[PDB]
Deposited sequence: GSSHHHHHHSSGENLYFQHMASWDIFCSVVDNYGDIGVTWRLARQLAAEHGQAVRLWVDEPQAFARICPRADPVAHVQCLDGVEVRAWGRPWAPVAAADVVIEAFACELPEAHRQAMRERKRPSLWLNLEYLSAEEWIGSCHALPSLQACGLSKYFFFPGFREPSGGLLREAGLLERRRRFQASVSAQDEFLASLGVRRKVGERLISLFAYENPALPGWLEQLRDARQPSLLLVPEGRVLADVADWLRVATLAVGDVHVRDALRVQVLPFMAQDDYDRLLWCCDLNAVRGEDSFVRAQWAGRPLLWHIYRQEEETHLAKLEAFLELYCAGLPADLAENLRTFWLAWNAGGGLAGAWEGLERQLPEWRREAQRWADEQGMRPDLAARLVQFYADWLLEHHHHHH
């Protein structure tokens, strides 16, 4: 015998990547029964290639992935129901949650923020009209908060990977990529940005060579325009003096981790990859889909950095997200990449000591359950 609870996770497409990662970890590491309800199967196919876009129910990585139908097909409610990123539950599911002998624990999983105030709202109950309460669950970088998603053994695996030239070379070769000696590796997952050409020009004109790895999409179209090339296909390589550009193939989440672990600088987008780039223990650039979140993260992340690096890093990140002048900050920032890399490893190690979000979520249910029946803890 072992304890197992059931979890309903609803996501309407914040970042399906975050919800899928959480669902997988609840099933794999905690042995929970997880149903993931997705209202857009095409969005889920983006993040999970092996899925069936027409199947109403399918089991992937121990998670029961179900289509969020219109109209909603009534089902019984799980022990825990998570609304990811303030999507609205089906009316019949709220009834199902109420009808249980023990009503479902109702959680809202919030977007990640470094803002200090989320600590005052984490685990806050809110009595709803139907008579149930829902609890806000705020991921965060400091206590109190719901922590960050992080798989068991992740940093140990990352350290072994980064310590092995052959593991890195073999992985990059599986993407079609071969690093040149002395070439800095930069991954570029971003949104459209008018400041990108000025930054490409700085990479082209530098003394140290760079390899810029770019996935298909809108930014790739902008890179093609700057290259003055009509089409950029997966595997294509173009050289402009010190800058080499290569187009990446599609990558599942775990392979994207390995790419982050190889690169010397990862430009990332979206809430999931922002955290994955931090676990990589490497310099990163975050493009956000906002000023309060950006500035709050910079305050915390830069707190332990030397003043000169912190100034150039903040200036570059703010300009990267404002689309403004990038020249001055990058020149100074590029010269500080080795120092920044040592600080990025320290940051990942420090965050790695905090209990991870999935563990906090399972513990929240345990304590809630014991309190519901007025038992000791």
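According to the record, no C-alpha positions are given for deposited positions 1-16, 30-33, 310-315, numbered from 1.
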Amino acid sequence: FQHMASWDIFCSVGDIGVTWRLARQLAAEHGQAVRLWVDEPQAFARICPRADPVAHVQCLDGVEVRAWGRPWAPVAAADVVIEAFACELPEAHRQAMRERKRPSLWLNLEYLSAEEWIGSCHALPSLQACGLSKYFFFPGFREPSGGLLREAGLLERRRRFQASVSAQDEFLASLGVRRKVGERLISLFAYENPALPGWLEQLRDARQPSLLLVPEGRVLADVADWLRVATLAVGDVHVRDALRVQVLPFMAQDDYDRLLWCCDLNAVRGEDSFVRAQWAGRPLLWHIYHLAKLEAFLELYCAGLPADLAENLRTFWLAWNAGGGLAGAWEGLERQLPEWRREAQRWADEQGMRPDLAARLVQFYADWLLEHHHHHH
From here on, numbers count along this sequence of modelled residues.
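Taking only CA atoms, the mean B-factor in the PDB entry is higher for 130-138 than for the other of 264-272 and 130-138. Higher average CA B factor: 189-197, of the stretches 119-127 and 189-197. The entry lists C-alpha B-factors for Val54, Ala348, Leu313, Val63, and the highest of these is at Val54. Going by the entry's values, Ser166 shows the largest Cα B-factor out of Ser113, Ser166, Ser145, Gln253.
Annotation for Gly281: CA B-factor lies in the lowest third of the chain's modelled residues. Ranked within its chain, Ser104 lands in the lowest third, by CA B factor from the PDB record. For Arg204, the recorded CA temperature factor ranks within the middle third of the chain's modelled residues. In this PDB entry, the Cα temperature factor of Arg98 sits in the top third of its chain's modelled residues, the highest group. Split the chain's modelled residues into thirds by C-alpha temperature factor. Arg258 is in the lowest one.
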